[PDB]
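# Examination of the molecular architecture
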Amino acid sequence: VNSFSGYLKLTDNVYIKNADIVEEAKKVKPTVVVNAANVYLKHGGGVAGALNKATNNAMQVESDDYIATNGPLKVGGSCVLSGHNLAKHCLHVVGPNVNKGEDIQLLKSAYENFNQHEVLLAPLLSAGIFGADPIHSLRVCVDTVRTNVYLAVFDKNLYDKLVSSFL
Ligand SMILES: OC[C@@H](Nc1ncnc2[nH]ccc12)[C@H]1CCOC1
Ligand SMILES: [Cl-]
């Protein structure tokens, strides 16, 4: 039993809800919130900009130190940093950004990072401003993640389309 509320159960381990991931994280304070990161951990827009804003830019300050020490992430890769006021930890995961010409096959590699954590609150990787098809992102999530994932979909119209088209 965990404190996630109002989710539709898609499979044994995947759950989905129309929700603002920022507001969800503040309410649940999960062990792990997933950020839709880029390799530079520059949290400007989309989920990343919203999460970073909610931390009063502390996420960005921490991230800049991480990059100065370690260099950029790989597309498909991840790092664990603080969750600040939103969660215990933030798993920054880089899905491919189609608007940059990155290989969509890397989406599966990106979701594999979730398997290192027993329970996560997450967005759909590569969706929104990363330009991939969200129906595809959900399919890859369900077929790749084996740990318990609670997906927040910000857009209600998209949420309804995601549920009604789910196989
Ligand atoms: O990963 C892309 C998604 N973006 C977010 N998801 C959840 N919470 C969010 N807050 C701000 C942006 C954001 C798209 C895909 C479906 O719905 C929005
Ligand atoms: Cl987005």
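Residues numbered from 1 in each chain as written, not as in the entry; some residues may be left out. Chains lettered and ligands numbered in written order. Heavy atoms only, no water.

As summarised from the PDB record, the model derives from X-ray crystallography at a stated resolution of 1.0000 Å.

## What about the overall build of the protein?
Test applied: Strands are runs of DSSP state E lasting at least two residues, helices are runs of H or I lasting at least four, and both sets are numbered from the N terminus onward. In this treatment the radius of gyration is a C-alpha quantity, and the globule benchmark scales as 2.2 Å times the residue count to the 0.38 power. Remark: exposure states derive from per-residue accessible area (1.4 Å probe, protein chains only) relative to the maximum for the residue type, with buried under 20%, exposed over 50%, and partly exposed in between. Any two residues whose heavy atoms approach within 4.5 Å are treated as being in contact. For the accessible areas, the method is Shrake-Rupley and the probe is 1.4 Å, while residue cover comes only from the protein chains on display. Charge convention: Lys and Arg are scored as positive, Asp and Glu as negative, and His as well as the terminal groups of each chain are ignored. Charge coordinates come from a single atom per side chain, which is NZ of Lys, CZ of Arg, CG of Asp or CD of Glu.
Of regular secondary structure, the protein possesses six helices and seven strands. Helices and strands appear in the protein in the N-to-C order β-β-α-β-α-α-β-β-α-β-α-β-α. By the compact-globule yardstick of 15 Å for 167 residues, the protein fits well, its C-alpha radius of gyration being 14 Å. The principal-axis extents of the C-alpha atoms in the protein amount to approximately 45 × 35 × 30 Å. Here the protein holds 167 residues, and the buried ones make up 50% of them. The long-range share in the protein, meaning contacts at least 24 apart out of those at least 6 apart in sequence, stands at 66%. Counting every atom, the protein has about 8100 Å² of accessible surface; 52% of that belongs to carbon and sulfur. With 15 positive and 15 negative side-chain charges, the protein shows a separation of 3 Å between the mean positions of the two kinds.

## Some points on the nonpolar core
For clarity, the threshold we go by: The criterion is simple. A nonpolar core is a set of buried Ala, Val, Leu, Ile, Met, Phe, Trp, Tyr and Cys residues joined through side-chain atoms within 4.5 Å.
Core analysis: the biggest nonpolar cluster contains 26 residues, and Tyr-111, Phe-114 and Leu-151 have the highest contact counts within it. Those elements giving two or more residues to this core turn out to be β2 (14-18), β3 (32-36), β5 (89-93), α4 (106-112), β6 (119-122), α5 (134-144), β7 (148-153) and α6 (156-164). When residues of this core are assigned to their parent elements, the largest contribution, four residues, is made by α5. Setting aside residues up to four positions removed in sequence, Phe-114 forms contacts with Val-34, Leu-91, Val-93, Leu-120, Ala-122, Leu-125, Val-145, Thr-147 and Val-149. Counting residues in each nonpolar core, the second largest holds 17 residues, with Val-22, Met-59, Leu-86 and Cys-90 among its members.

## Section: the site of ligand 1
Counted only if it meets this: Each residue is tested against the molecule or strand, and it is near if at least one of its non-hydrogen atoms lies within 4 Å. Nitrogen and oxygen atoms within 3.5 Å of one another constitute a polar contact, given that in protein one can donate a hydrogen and the other can accept it, and given that sequence-neighbouring residues count only through two side-chain atoms. Residues were grouped as follows: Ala, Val, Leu, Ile, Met, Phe, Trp, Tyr, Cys and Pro as nonpolar; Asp, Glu, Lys and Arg as charged; and all remaining residues, including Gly, as polar.
Near ligand 1 you find 13 residues, and of these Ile-21, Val-47, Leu-124, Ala-127 and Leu-158 are the closest. A distance of 2.8 Å is found between an oxygen atom of ligand 1 and a backbone nitrogen or oxygen belonging to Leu-124. Here an oxygen atom of ligand 1 and a backbone polar atom of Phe-154 are 3.4 Å apart. Starting from 420 Å² of accessible surface for ligand 1 in isolation, the protein chains cover 87%. For the shell around ligand 1, the elements supplying multiple residues, two or more each, are α2 (46-54) and β7. Its residues assigned to classes, the shell around ligand 1 shows nine nonpolar, two polar and two charged.

## Regarding the pattern of salt bridges
Applicable threshold: Salt bridge, as applied in this entry: a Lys or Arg side-chain nitrogen positioned within 4 Å of an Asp or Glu carboxyl oxygen.
Applying the stated criterion to the full structure yields five salt bridges. Across the pair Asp-143 and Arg-139 runs a salt bridge, and its minimum N-O distance is 3.0 Å. Here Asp-143 pairs with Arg-139, and both are found in helix α5, just four residues apart, close to one helical turn. Between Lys-156 and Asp-160 there is a salt bridge, and its shortest N-O distance comes to 2.7 Å. Taken together, the positions of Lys-156 and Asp-160, both in helix α6 and four residues apart, correspond to about one turn of that helix. Judged by relative accessible area, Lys-156 falls into the partly exposed class, the value being 42%.

## Focus on the pairing of β2
Operational definition: A pair of strands counts as paired when DSSP detects no fewer than two bridges linking them.
β2 sits mainly inside the fold: four of its five residues count as buried. Pairing of strand β1 (residues 8-9) with β2 involves two bridges; the strand directions are antiparallel. Residue pairing across strands places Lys-9 opposite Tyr-15, the latter belonging to β2. Between β1 and β2, which pair antiparallel one after the other, the connecting turn spans four residues. Inspection of the sheet shows β2 paired to β7 by five bridges, in the parallel sense. Residue pairing across strands places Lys-17 opposite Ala-152, the latter belonging to β7.

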